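Novice:
Number of protein chains: 8
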Amino acid sequence: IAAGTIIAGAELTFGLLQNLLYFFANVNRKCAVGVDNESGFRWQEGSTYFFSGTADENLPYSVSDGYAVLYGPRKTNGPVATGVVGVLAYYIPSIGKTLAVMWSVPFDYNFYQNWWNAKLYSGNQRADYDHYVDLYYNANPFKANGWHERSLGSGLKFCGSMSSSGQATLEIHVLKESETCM
Amino acid sequence: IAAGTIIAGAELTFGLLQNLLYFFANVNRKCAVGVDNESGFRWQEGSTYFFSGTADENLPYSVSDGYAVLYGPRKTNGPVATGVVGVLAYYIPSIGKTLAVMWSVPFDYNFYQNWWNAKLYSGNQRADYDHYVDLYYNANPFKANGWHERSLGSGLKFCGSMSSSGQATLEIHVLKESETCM
Amino acid sequence: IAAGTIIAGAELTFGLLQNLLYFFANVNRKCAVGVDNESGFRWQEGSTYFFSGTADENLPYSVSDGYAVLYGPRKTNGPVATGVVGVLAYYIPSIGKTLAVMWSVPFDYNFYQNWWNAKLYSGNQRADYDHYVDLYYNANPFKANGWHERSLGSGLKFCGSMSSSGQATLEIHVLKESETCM
Amino acid sequence: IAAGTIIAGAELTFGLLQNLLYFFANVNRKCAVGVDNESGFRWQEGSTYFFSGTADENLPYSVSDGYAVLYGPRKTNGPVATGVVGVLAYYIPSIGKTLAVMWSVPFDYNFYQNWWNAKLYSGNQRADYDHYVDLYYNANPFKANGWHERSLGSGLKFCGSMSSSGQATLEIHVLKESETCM
Amino acid sequence: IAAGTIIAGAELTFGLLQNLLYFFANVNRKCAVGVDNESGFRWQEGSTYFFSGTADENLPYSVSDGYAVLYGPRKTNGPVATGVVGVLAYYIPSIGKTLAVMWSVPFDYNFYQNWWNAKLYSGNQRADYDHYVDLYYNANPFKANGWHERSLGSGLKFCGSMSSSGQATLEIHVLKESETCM
Amino acid sequence: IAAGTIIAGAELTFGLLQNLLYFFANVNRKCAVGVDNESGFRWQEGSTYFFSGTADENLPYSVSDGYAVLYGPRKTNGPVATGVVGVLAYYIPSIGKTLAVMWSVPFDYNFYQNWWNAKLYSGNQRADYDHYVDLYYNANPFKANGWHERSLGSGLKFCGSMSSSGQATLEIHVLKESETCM
Amino acid sequence: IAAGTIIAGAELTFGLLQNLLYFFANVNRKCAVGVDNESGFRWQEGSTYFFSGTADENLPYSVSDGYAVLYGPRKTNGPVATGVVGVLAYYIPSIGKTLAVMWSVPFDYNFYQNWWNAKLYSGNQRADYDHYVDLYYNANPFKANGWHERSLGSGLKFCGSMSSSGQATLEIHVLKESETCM
Amino acid sequence: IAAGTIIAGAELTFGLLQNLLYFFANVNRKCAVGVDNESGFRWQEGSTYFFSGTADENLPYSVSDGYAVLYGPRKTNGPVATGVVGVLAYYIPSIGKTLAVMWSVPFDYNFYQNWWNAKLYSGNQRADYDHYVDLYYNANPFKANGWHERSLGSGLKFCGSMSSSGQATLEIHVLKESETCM
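Chains as they are written, first to last, in PDB author numbering: chain G, 78 to 259; chain H, 78 to 259; chain A, 78 to 259; chain B, 78 to 259; chain C, 78 to 259; chain D, 78 to 259; chain E, 78 to 259; chain F, 78 to 259.
1. What does a CB cutoff of less than 6 Å around F/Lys234 pick up in its chain, not counting 5 residues either side in sequence?
2. Identify each residue in the region 200 to 216 of chain A for which the Cβ-Cβ distance to at least one residue of chain B is less than 9 Å, and report them in chain order.
3. Return the bridge partner residues of H/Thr159 from the DSSP annotation.
4. Taking B/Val210 as part of the alpha helix (DSSP H), name the residues at either end of that continuous run.
5. Can you tell me whether E/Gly143 is buried or exposed, with buried defined as 16 or more other CB within 10 angstroms of its CB?
6. Quick check on this structure: which residue in H/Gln121, H/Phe127, H/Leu89, H/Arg119 has the alpha carbon closest to the alpha carbon of H/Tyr209?
7. From the DSSP output, in three-state form, read off C/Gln190 for me.
8. For D/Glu88, which of helix, strand or coil comes out of DSSP?
9. Taking 8 Å as the limit between beta carbons, can you name the residues of its chain near D/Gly200, skipping five residues before and five after?
10. For B/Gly143, does the three-state DSSP call read helix, strand or coil?
11. According to the Cβ coordinates, are A/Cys108 and A/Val161 closer than 8 Å?
12. If we define contact as Cβ-Cβ less than 8 Å, is B/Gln95 a contact residue for chain C?
13. When you compare each of H/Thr159, H/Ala177, H/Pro183 to H/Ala245 by their alpha carbons, which one comes out closest?
14. Considering H/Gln244, what are the terminal residues of the beta strand (DSSP E) in which it resides?
15. Which whole-angstrom value is the C-beta distance of D/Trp192 and D/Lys220, which I expect to be below 8 Å?
16. Under 8 Å, do F/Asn222 and E/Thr125 count as touching if we go by C-beta distance?
17. Do C/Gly111 and C/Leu247 have their CB atoms nearer than 8 Å?
18. Rounded to the nearest angstrom, what separates C/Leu165 and C/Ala145 at their Cα positions?
19. For B/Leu212, is the classification buried or exposed, using 16 other Cβ atoms within 10 angstroms of its Cβ as the cut-off for buried?
20. Can you tell me whether DSSP reads G/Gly223 as helix, strand or coil?
21. Please state if the CB of H/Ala80 and the CB of A/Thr159 are separated by a distance shorter than 8 Å.
22. Strictly below 7 Å CB to CB, what residues from chain B border A/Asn105?
23. Would you mind working out which of H/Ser231, H/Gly243, H/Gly163 sits nearest H/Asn187, comparing C-alpha positions?
24. Apart from the five residues on each side of it in sequence, which residues of its chain come closer than 7 Å, Cβ to Cβ, to H/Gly232?
25. Rounded to the nearest angstrom, what separates E/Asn135 and G/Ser139 at their Cα positions?
26. Straight-line CA distance for C/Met239 to D/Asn217?
27. Using C-beta distances below 6 Å, list every residue in its chain close to H/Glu226, excluding the 5 sequence neighbours before and after it, in chain order.
28. Helix, strand or coil for H/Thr125 per DSSP?
29. Got a sec, what are the start and stop residues for the beta strand (DSSP E) H/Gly173 sits in?
30. May I ask you to report which of helix, strand or coil DSSP gives D/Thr153?
31. By alpha-carbon positions, which one of H/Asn103, H/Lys196, H/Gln121, H/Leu197 ends up nearest to H/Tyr168?
32. What does F/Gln244 reach in chain E if we use C-beta pairs closer than 8 Å?
33. In chain E, which residues lie less than 7 Å from D/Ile169 when you measure between Cβ atoms?
34. Rounding to the nearest angstrom, what Cα-Cα distance links E/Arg119 and E/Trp224 in this structure?
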């Protein structure tokens, strides 16, 4: 009989749902990824993988001694409950290895936190899910609590830090083992 | 009897539909297509095909050694569920062949992803659906996961990459076989 | 009896109609018409015809060797379902002929597409409906799919292209038969 | 009995009427009138008449060889269905005649179109309704379809054009009979 | 009984009245009054009268050979149906007379039009209602239809014009009888 | 019984009252008070009184030959029906007297108008209500109708004027008796 | 029974209360406190107390001969009925005393007014409630009515003034007894 | 029966709750932390801990004699009732100790106030909850009431101050024991 009650229930439902989708569309995640080639070797064949999120730009094809990658990963547009998570990688012909760098800026800080890592892999490889799993679970990732340092092997080491924010910054310097960081 | 219930159902219907059409009108797709003539040959007769989308500008008629195409493909205006997908092509008189470059930035990332390709075709040809089908299905397109390289034949090769975003960037360098990319 | 139902039907009707007229008022059509006098002859008596649309400016009275027309045709203001369609023309005293250039940027891309053309006509003539019909139906117009070239006769040729967008650009170079375009 | 139906009919009526008056207040008409004194004689006693519309500025009192009038006629403010229509005039002591220039930018392009004219009148006269009627009905006005030229007599001629838009531009050059226009 | 009908009649009444007062508050009248002392005599004791309207600034105390008054009369703020109407005056010690300048920019162009005047009065006098009545009714005011000229006596003359707009401009040059205006 | 009629009467009452308080909060009064020390004596101990209104700034402590006070009195914030009315004063040690300057910019121009005055008082005194009453009622204030001049005594005179607007300007020059104003 | 009357009473209540809290959040109080060290002694250990309000900045640690404190006290954010009231203090090692400066910009000008003071206290002390009570009640504070001057003792004096506005300015110069203020 | 009362109770509930969450999302807390290395020793391995809040940036890896940390802690985004509270730390190789600096800008000033501290700890340590507890409860923190100074030991001391605002500033200078602060 009282069909106006069903119309009012629809107006309440879409009036809630349009604002709920507008919330998930407006919560934002970023990672300003800076990686600095202090290494004395040329990096090439710039490769990426995204477990979540995207970027609007390319990596440099190559990086050379004293220059840096700057890259801007972000969350996918629209009402998605996913952060920005991924790998970037470069081949290093002068040592026969691939440098891979991982970051993980989640959506829910109830369950997760900002993590990052870097490693050298044998031969020419490009960033994929097996690099994400190995950099996130098998290796020890670093968390967003200031500056950390580790040997890469093959005469290199990395020094780096990440913000605890969801609009994060990541900075890494890939030095020779002889050098003092920053 | 209660005609106000039909008026309230119409207000609910158009109140939903005006916002649904406003959604499809505001989700946007782009491809910033850069193609760089490192080739040592003049390109001419700049031609295009669009399977979906448009651009507000012309290609250069010609490109010459060390200059680049910059072109801005985009989605068609209004409430359409179509991305930007197309071909650009140039004749190369010095080798008797047509360079064609393809990109595909879809609407639904549920079903599709960003793809691109480039190839040399025999004689003077202009971009059309047969170049789109051959660059997308018969040849192997490259996906949006960093830098890729392939020989074109006739002394040329291409090196290029594409963003995974729907507001994409595409960059290609069309080098001689003797050269090192970027 | 229930006169409030007629008032609510009027509020629904004008609430729809004010938004429908606002839609047709906001969908826009343009043609940025550039025509370049590479011809070695002075053009004069700049004339126009509009089958649909207008412009807020005059043509140059005359154009001379190495200068260009730039002209901005547009859709008529308000809730009209018409594009921008027209002819511009110039007399060329040094050959005894009229150059006429046509463009057609439609409203409905369901039924129509962007077309353009150029031709030389005998004697001093000014742009009118007979030039529109002859440039659109009797001659072969060119479509918005990259660069096209044709001989005009009397020692001239044209080279030109048009955008597939509804906010189009048109570019034409009117060269001598001896020259290489752009 | 049901007085709320009369209140709802009043809210509908003023809700329509406030938007109808806002429409007529926002449709705009202009004429950017440029008149260029290439004549070799000083013009003085700058006079105006408006059949419809106004301007917020004065004419120059005088114009001299190689300078120009620039004048900005416009529609009267508020919800009026009238365009901008008028005459400007100057006395020319060196020939004993008055130059008068007319323009007519209508409201309804359903019934009317953009017209303009210019003429020389005997003795010192100022712009009035008899100049409007003689320039619009008795003389042949020119329409908004590109550049037109006519002899004034007394060793002068005019060359000029007008836009077909309702936010029009009018340009006139008042040359000696010896000269080539623009 | 049905007191909600009286509340709805009040909401309709104040909903109309707030918009009616907002209309009368937003219709604006101005006069940009420029008066230029080409006279060879110093003007002093700058005086004003307003029959309607105000200004936010002072006159210069004095004006001297080759300088000008610029003054910005305007309508009184808020929902008043009155224009800007007034007199400015200066004493001229070198001839023993007061220059007075009048303007009248009305509210209703249904009943009134833009008028202005200027005159010399005997001795040191300051602008008041008797100067307004004598400049508007007893003397012949000039209307807003281009440039007008008259002798003041005492070796002076004025040349001037006014806009027909309600946001008017008034320009007057107060020359010696020997000179040619502007 | 029908308690919704009392709620609707409250919504009408606060819907009116919030707009009435917003009106009294937005009608504004100012006085840009400029006072110029052409006097050849130093002024010091800058003092103020406000009968209505305030300022956000201090007076200069002192003023010296050829410098000026600039001061910006204004209406008190919020829904108050009061203008800006007050006194500023300075001691002049070189003559043993206090200069006091008064202004009165009212709220209701139905009952009041812009008045101002200046006077010299014996000894070191600071601005207070007895200076306001003596400058406004016992002395002859000047009204907002152009430039006025009066002797102060002790070898000084003042020359000054005030705007008739509620956002007024006041300008005063405090000269020696030997000098000609502005 | 009629539960919609309780919902309408809640909508009226929160519709009033959200606007009442927005009023108390938007009425603002400030004191731009400038204190100028004309004293010939270094000030150090810059200390503060707030009876009401806060600032977003630090005092200078120290001030030295010819430099000034500039400090911006303000009201606490949100719907609080409290002004800005406080003390700033500095130790002066060269005389063995603490300079303390007090200001009081209230919320309710119905009950209170702008007051300020300054004094020298024995030994190294920091601003607290006992300095506020002694500067406000036991000593004679100065009110916002122009420039005031007093001896501090120990060879110093202060000269200063405060605005009567709630967005106040306070200026104080701390001179030697030999000097003439500003 | 009357289901519209439940819909109206839902509209009231979400209409309140959307504004309550918007309040907690818009109340903001910051700490602009400046720490100045006047110490004559290099600081390195910049480390952080957050008990509440985040930052969008990294610390410098290292700081050296005469340079400063500038760091911008802030509240976590969205409707959370938590301030910004944390520790930053650096290792100092030249003395074998870790400098740690703490700040605490709360949400509820009903229960808490702005506190800060600094201390030297033995060996290379990184900021964590045990440094927060020791700097906040076991050591004596300083409150937001002007400049404070303390010996660190190992030849160093700190001098610093903090704002009482919730958008706070913190400034610390880490001097040698020989020096005079700021």
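Where a beta carbon is used, it is the ideal one built from N, C-alpha and C, also for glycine.
Specialist: Working from what's here:
1. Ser228, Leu252, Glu254
2. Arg203, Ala204, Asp205
3. None; H/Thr159 has no bridge partner.
4. 206 to 210
5. exposed
6. H/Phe127
7. coil
8. helix
9. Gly173, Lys174, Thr175
10. coil
11. yes
12. yes
13. H/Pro183
14. 244 to 253
15. 6 Å
16. yes
17. yes
18. 13 Å
19. buried
20. strand
21. no
22. Simply none; closest approach about 15 Å.
23. H/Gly243
24. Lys253, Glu254
25. 48 Å
26. 38 Å
27. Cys236
28. strand
29. No beta strand (DSSP E) contains H/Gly173, which DSSP labels as neither H nor E.
30. coil
31. H/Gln121
32. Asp133
33. Ordered by position in chain E, no residue passes the 7 Å Cβ test against D/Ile169, which lies about 15 Å from the chain.
34. 25 Å
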